[PDB]
Structures are given as C-alpha cells and as structure tokens.
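Peer 1: Got a sequence here, can you model it:
(chains A and B, ligands or ions: 1)
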Protein chains: 2
Amino acid sequence: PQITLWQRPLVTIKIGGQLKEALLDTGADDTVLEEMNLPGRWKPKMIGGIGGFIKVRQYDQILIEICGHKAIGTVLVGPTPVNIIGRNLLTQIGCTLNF
Amino acid sequence: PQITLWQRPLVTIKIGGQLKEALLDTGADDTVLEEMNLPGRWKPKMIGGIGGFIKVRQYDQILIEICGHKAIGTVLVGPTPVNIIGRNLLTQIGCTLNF
Ligand SMILES: CC(C)CN(C[C@@H](O)[C@H](Cc1ccccc1)NC(=O)O[C@H]1CO[C@H]2OCC[C@H]21)S(=O)(=O)c1ccc(N)cc1
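Peer 2: Numbers count the residues shown, from 1 in each chain, chains lettered A, B, ... in the order given. Okay, here it is:
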C-alpha cells in the first residue's frame, strides 16, 4: 500500500516462523534485526550508524515476509535497538519513495 | 518525483545558504545534519541510533529546501556520519513510501 510518514513506518514481518514488527527504513543499506535465532550458517560483520558501530551476525538467503510480500535476502542479527528493513529487502518488495 | 531504492535515496538540499547532499531516511524520526553553522538559538539534545548516542544541537524553525520543496522545521546538528532528512521534514514535503 501507500504509507505517509506522520508515524514510524512499522510493518509486520514473518521470519523463521516468528512474527515481528519492523521499521521500513530507506536510510538503512541492510536489514538488521534484534537478537533472534536464525537457523543456518552466518558470518561476523560490523555495521555503523549514528553513535558508532555494532557487531552483527550476517545470514544470507533468508526468507522474510514483509507486510505480505515475500523476499529472500541477507539479514543481519545483533543489538540494534529496533528491527529495521533496509534497502536490500525494500527493493525486493518494490518499495518506492514518492513526493 | 518517485524514487526506487537500488541506490541510497540521496537528494540535494539547500540550508543556511549552503548546498548539501542528504539521505531521505524514513527510519529517522528527526533530521540530523553534519557540523555546520546554523544561525540562531539552539538547545543541547541527545539522539540514539545503532551503536549508541550522539550529542546534537537542536535548531527550531529552520528553512530547508529539499529537492526543490521548501520545509520549515527542526534541524539537529552534530557528528552524524551522513546528512539525514527524517520524518519531521519528509512529512512536510509530502513524502510517502509505496509498495
Ligand atoms: C536505526 C534507526 C531506527 C534510526 N537511524 C536512522 C537510520 O536510517 C540510519 C541512518 C544512518 C545512515 C548512515 C550512517 C548512520 C546512520 N541507518 C542505519 O543505521 O543503517 C545501518 C543499517 O545498514 C547500514 O546502512 C547505513 C548505516 C547502517 S539513526 O541514524 O540512528 C537516527 C536516529 C534518530 C534520528 N533523529 C535520526 C537518525
């Protein structure tokens, strides 16, 4: 659907059989989720934001359903304060900014 | 215009007579710019992201032109690694997410 930005653009996501809320985040290159068990192989990685950097686990080719749209991509897991859906997955669900 | 997300959604802004590049950032509540002279009164403030917090100067009722759309609102100035246009200004230029 189309969404305005008067409130945080939070959507429901389903990943690893679990239901979560996550922020559609055009300022995030990558998707980063708070601590959870994703099954399979991962690689250590560091991502930076405002305030500095966090260590994350990088999981590749993970299936996520974002507000009813399925995407398969890289998910990072670590101590982000908020679940964020980044451009790597936004592109797959055909998400655009409009003004 | 309409903007896809294969690349960072970077736009030209004009603020305090200066031309800068800034990221349209639906994951940011606030607009935060890197160090610059904004004229007038400010207040100390702290904002948090991934990796922790930064101290910023809060300037109210600042005029910004974002990709040719004028907005007046709060601008935060501080050691963000990237100029980010947040929802406080995105709403004023009628910016929407669609998928
Ligand atoms: C994490 C969000 C809930 C909030 N952040 C906005 C977010 O878009 C930042 C915006 C951002 C962009 C660049 C550098 C720092 C912060 N992106 C970000 O942290 O993304 C990380 C995930 O992938 C990587 O892509 C870029 C940074 C990494 S934030 O920068 O911390 C932020 C917080 C509060 C305000 N008022 C403004 C911005």
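
Peer 1: and chain A, which of its residues are near chain B?
Peer 2: Taking Cβ under 8 Å from any Cβ of the partner chain as the contact definition, chain A meets chain B at A:1-6, A:8-9, A:23-29, A:32, A:47-54, A:67, A:69, A:80-82, A:84, A:87, A:90-91, A:93-99. Where C-beta positions appear, they are placed from N, C-alpha and C, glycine not excepted.

Peer 1: Can you sort out which of those residues also neighbour the ligand?
Peer 2: A:23, A:25, A:27, A:28, A:29, A:32, A:47, A:48, A:49, A:50, A:82, A:84 (Cβ under 6 Å from any ligand atom).

Peer 1: Among the residues you listed, name the ones in strands.
Peer 2: Using DSSP state E, the members of these that fall in strands are A:23, A:32, A:47, A:48, A:49, A:84.

Peer 1: For ChimeraX, what selects the buried ones among the residues of chain A next to chain B?
Peer 2: Filtering the residues of chain A next to chain B down to the buried ones (16 or more other Cβ atoms under 10 Å in any protein chain shown) takes a single ChimeraX command:
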select /A:3,5,8,9,23,24,25,26,27,28,32,47,49,50,51,54,67,80,82,84,87,90,91,93,95,96,97,99
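
Peer 1: all strands of chain A, in order?
Peer 2: Taking DSSP E, the strands of chain A run over residues A:2-3, A:10-15, A:18-24, A:31-33, A:43-49, A:52-66, A:69-77, A:84-85, A:96-98.

Peer 1: now these as a markdown table including distance to residue B:38?
Peer 2: Below are the strands of chain A laid out as a markdown table (distance: least, Cβ to Cβ, whole Å):
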| stretch | distance to residue B:38 |
| --- | --- |
| strand A:2-3 | 30 |
| strand A:10-15 | 31 |
| strand A:18-24 | 28 |
| strand A:31-33 | 31 |
| strand A:43-49 | 23 |
| strand A:52-66 | 24 |
| strand A:69-77 | 34 |
| strand A:84-85 | 28 |
| strand A:96-98 | 26 |
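
Peer 1: Could you say which one of these comes nearest to residue B:76?
Peer 2: strand A:43-49 (14.6 Å; Cβ to Cβ).

Peer 1: Just give me the neighbour total for the closest residue to residue A:39 other than its chain neighbours.
Peer 2: Counting by Cβ to Cβ, 6 or more residues apart in numbering or on different chains, residue A:39 lies nearest to residue A:16, which is 6.7 Å off, once chain neighbours are set aside. Around residue A:16 there are 16 other residues, counting by other Cβ atoms under 10 Å in any protein chain shown.

Peer 1: Against residue A:89, how distant is residue A:16?
Peer 2: Using Cβ to Cβ, to the nearest Å, residue A:16 is found at 15 Å from residue A:89.

Peer 1: same thing with residue A:28?
Peer 2: Counting by Cβ to Cβ, the gap from residue A:28 to residue A:89 is 10 Å.
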